[PDB]
Structure formats: C-alpha cells, structure tokens
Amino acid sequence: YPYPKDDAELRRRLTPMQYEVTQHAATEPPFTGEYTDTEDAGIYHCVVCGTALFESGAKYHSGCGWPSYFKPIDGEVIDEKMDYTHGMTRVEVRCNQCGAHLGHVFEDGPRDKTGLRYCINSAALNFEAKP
C-alpha cells in the first residue's frame, strides 16, 4: 500500500473506534454509525489517508445497519480480499491507498444497478459535504 504506515500517528489522530475498525478490522455495530442514514450531497473519504472512496450519489437505503453504496468512485480505490473470520466466508473491502479495513461487499445490492452492496463502517470514513 502506497500510503506509509505510521501507527503512532494513527493512534494519536484516530478515535478508538476508527482505529479498531480500520487497523484491526473491527465492525461497528449495526445502526450505531454516524453516516448510516446520511443523505447529504458529498464524498466519503478514507478516514486514514483521505482518499475519496464513495460518492453520496452511490449511497442507497439498504436497511442493513451501515452506510451502503452500490459502487465506489472508481475501480481503483478499493481492494477486495476473502475473509474467513467469524465463522463466515465474505469479501472484505479495504482502502487500496493505505489498506484500511472498510467493510464488506455483498451480492445483494440493487438489482436495477450493480447488484452489489458495499457495506462500510461509518468509522472508516469521513464525509466531505458538497452543498
């Protein structure tokens, strides 16, 4: 990952939730994240490295309990990796710039669009409003 890892800096700058989610692949509980129901126009950036990851225009109502997007801003900003943790097989999504754990992607997204549900922890993101 291009963005250099500096653990000391992250621990100083990130909240415990942000750090655990992004660095230890923790999962914020459903219906507790800041951006779960956000509908404002803008861009969701990696909380770690600031790379733009998701646009408000791709955010949709999934009812799953986390921010949910049907596509990232482009095919380059996300890295996918199989995840066999927690007695499940899933596809983890990471920031391709810095490697931050973001969430998971599922094949139960909008059938009228991409069919994909990018299920992202709020604590992995920071929102830049664009009114």
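Numbering starts at 1 and runs along the sequence shown.
Annotation for 114-122 versus 9-17: the higher mean temperature factor (C-alpha) is found in 9-17. When 72-80 is weighed against 59-67, 72-80 comes out higher, by mean CA B-factor as recorded in the entry.
The maximum CA B-factor among the listed residues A26, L102, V105, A41, taken from the PDB record, is found at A41.
Ranked against the other modelled residues of its chain, the C-alpha B-factor of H86 as given in the entry falls in the highest third.
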